[PDB]
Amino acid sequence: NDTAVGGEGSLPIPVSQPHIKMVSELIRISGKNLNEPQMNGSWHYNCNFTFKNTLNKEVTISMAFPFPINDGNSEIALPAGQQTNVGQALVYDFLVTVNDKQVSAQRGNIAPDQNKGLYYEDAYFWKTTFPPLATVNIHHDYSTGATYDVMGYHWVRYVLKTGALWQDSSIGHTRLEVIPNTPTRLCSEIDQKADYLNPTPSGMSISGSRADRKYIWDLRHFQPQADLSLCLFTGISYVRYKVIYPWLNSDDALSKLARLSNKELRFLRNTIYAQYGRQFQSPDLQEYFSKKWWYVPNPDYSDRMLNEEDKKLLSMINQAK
């Protein structure tokens, strides 16, 4: 199991082909516990949508929120305080309001439309009545787990291609905001090799610093040709998969560790502890980790935070030299 699947967000979609256009969206995706080694991270989605009836008559349509489920084939990335099992949605506490009034959402089946980017068979359904030429406000509030994989990546996703099911090409004014609430880097800023790691859609800007580093899109007349695909590195996951695990998985680990310069071996050893926010008194180390994006000093640091992988690497360093 390469990926621990946590769930993702999706645009609302119509059951049929109505004369309803999506004129604006405000999608806020906020992270919680993403740097916890227990992998109990979550994403909280607050989504607003503006729809316009383009017909000068009253229309009643059924809207659906599609979602992935636990099909028992994969490892699941669970949010803290949530339980899962086969057949359950990878969406938690889904709440939908129609014109700011909370409505009953009924779970049911939906046929996929892979040509329009719909790959799910399960959805939450609700009715929406539009008076002649009227606008209807749709609001979503739900959570998912935080998808992660064997490469150390964190994935935050949102299906936007399905916007093609609504009238006209564009989904109008699209505002998207990803807020991890922990220090991050794009995997395309560290693993500069692959393009599937580049954030989609086009037009992303980076705002803020440290735990407040946000990823923002602000698109007008947006023709949804790509989904939201954002691959991130969190602090502990970067140090584990890009620094600790390559040495542990190495074929000539003791020979390769002996090949390191005295500075490289000193920084490698201390990175094992810097991972948990150990405070450094030595100027060379103090200055080195001050300049590392993943390093955050933790006043509650303890050597008890070192896991079996950390201890195996320290044991290898002891044997290499």
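Residue positions are given as counts along the sequence shown, with the first one as 1.
Checked against the record, the higher mean CA B factor of 188-196 and 147-155 lies with 188-196.
Higher mean CA temperature factor, per the PDB entry, when comparing 129-137 with 68-76: 129-137. Residue-level inspection of the entry shows that, of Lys52, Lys292, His44, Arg269, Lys292 has the top Cα B-factor. Ranking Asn48, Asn33, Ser30, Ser261 by the C-alpha B-factor listed in the PDB entry places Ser261 at the top. When the modelled residues of the chain are ordered by C-alpha B-factor, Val296 sits in the highest third.
The PDB entry assigns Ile61 a C-alpha temperature factor belonging to the highest third of its chain's modelled residues. The entry lists a Cα temperature factor for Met39 that places it in the middle third of the chain's modelled residues. Ranked against the other modelled residues of its chain, the C-alpha B-factor of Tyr142 as given in the entry falls in the lowest third. In this PDB entry, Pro112 carries a Cα temperature factor that places it within the middle third of its chain's modelled residues.
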